[PDB]
């Protein structure tokens, strides 16, 4: 019996809409926190259970609203999610990584009591778009107790990240901002061979696909978070033996397909 398992047995279709948990939102004002620019918390309501936490970073120039659909999507599947605003819209990936760390500390320590009541403070993960995807890789190096990272169409000047944190990297096949041959794929290849890793390549997609509702991004992000944050092996089925019309490529070392 897995004490972290939440929700009914999944289907692929179920991972393309908001999940079964009702969601509350809390706006974190810039002037109320230090180390990051505030943001929005999405968290489950109507429940006595606790859930893992996820911090998400937008990309260059963007704010938390650019990932609002995804923060709510994840929270509704059973997670406490903070989507950050950054100190400056022009912050680069390593700065964003520091701010994700500050946001996770805040989430665990100083967020509203109703948020902390829903949070298992020890089961945490990260995701982000573009420069925020680079930040996801960087913070995974810095905090190797994180349970998972999901870099979405990631961008970073550094290509090698030494982390044991399982990563599912989403590339956009037709990306010209962070071309997968120069960003996503090198990131995937250069992670340690012993780290569980997946590369999902969205067929014909472009750089800003993650900022709009996207069924494939939802399926793979929920599944990776469930598998690693909750140890929920019911989600292996979406990550193994994959033949998905939305994808132009799927690569993995398949460490996640077994215990």
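Positions refer to the first chain, counted from 1.
When the mean C-alpha temperature factors of 73 to 81 and 86 to 94 are read from the deposited coordinates, 86 to 94 comes out higher. The PDB entry records a higher mean C-alpha B factor for 26 to 34 than for its counterpart among 203 to 211 and 26 to 34. Residue 191: CA B factor in the highest third of modelled residues in this chain (values from the PDB entry).
In the PDB entry, a CA B factor belonging to the middle third of its chain's modelled residues is recorded for residue 181. Sort the modelled residues of the chain by CA B factor and residue 223 lands in the lowest third. Among all modelled residues in this chain, the alpha-carbon of residue 144 has a temperature factor (C-alpha) in the middle third. Sort the modelled residues of the chain by CA B factor and residue 59 lands in the middle third.
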